[PDB]
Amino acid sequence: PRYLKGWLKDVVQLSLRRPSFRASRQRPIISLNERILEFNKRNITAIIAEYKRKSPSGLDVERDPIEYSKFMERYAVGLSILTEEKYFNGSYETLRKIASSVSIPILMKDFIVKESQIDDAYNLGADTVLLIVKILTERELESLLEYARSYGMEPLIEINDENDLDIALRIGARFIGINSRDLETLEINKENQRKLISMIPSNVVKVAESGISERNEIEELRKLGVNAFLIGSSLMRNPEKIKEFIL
């Protein structure tokens, strides 16, 4: 991984020693980026609903993962499930139970730094994974991207700044997540996010991430060319909001 400080250094160390999960995979892969594209074609707002019990920025909600997922399944283009254990209170068991209960695409959200984690995602039932440019070196990112693709997954590659985007573009990313929140400082910057979105090639599927709680923010982002929206906190606090968001 890259030189890291603070909580990011810690979570990455936890990931390096994350035990692998052995399981047989039942359902074939359902492409999330292709489903986003077809929702775009049919003019339906594409929301990736995220499930997370806790977050380092303060979230702490008790809500049944299965019921939440089955409800979101009626509206969402896909689901994002946190499997990071220490800061997000996620687990592989949760991803496994959800994957067996819904039939929409599932993105496994964690801090992926080694190939076994992608093996875990595949064996657990996930359809794709998140790769974060800011914690990986360019060689690592390229290997992991190639590795995810060998399972037929197109990973969501997350950028937070211009240097992240140069790397993402250089390694041939086709599915990019623009995170308005800096993982290191936990600071949100809507403006920097807008600038980055505007620099991205039109043929890349773009997913806006973090801090979205209002339908107008979605409408604005959509006019900037964003294809999908990853929403977690506002939906965990109020699942019903999904009905306002897809109008």
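Residue numbers here begin at 1 and follow the sequence given.
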Compare the mean C-alpha B-factor of 230 to 238 with that of 14 to 22 as given in the PDB entry, and name the stretch with the higher value. 14 to 22
Per the PDB entry, mean CA B-factor is higher for 36 to 44 or 175 to 183, namely for 36 to 44
Could you say which of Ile218, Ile197, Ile66, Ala49 has its CA atom at the highest B factor, as listed in the PDB entry? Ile218
By the entry's values, the third containing the CA B factor of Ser143 is the middle
Lowest, middle or highest third of the chain for the C-alpha temperature factor of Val207? lowest
Of the three thirds of Cα B-factor ranks in this chain, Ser100 occupies the highest
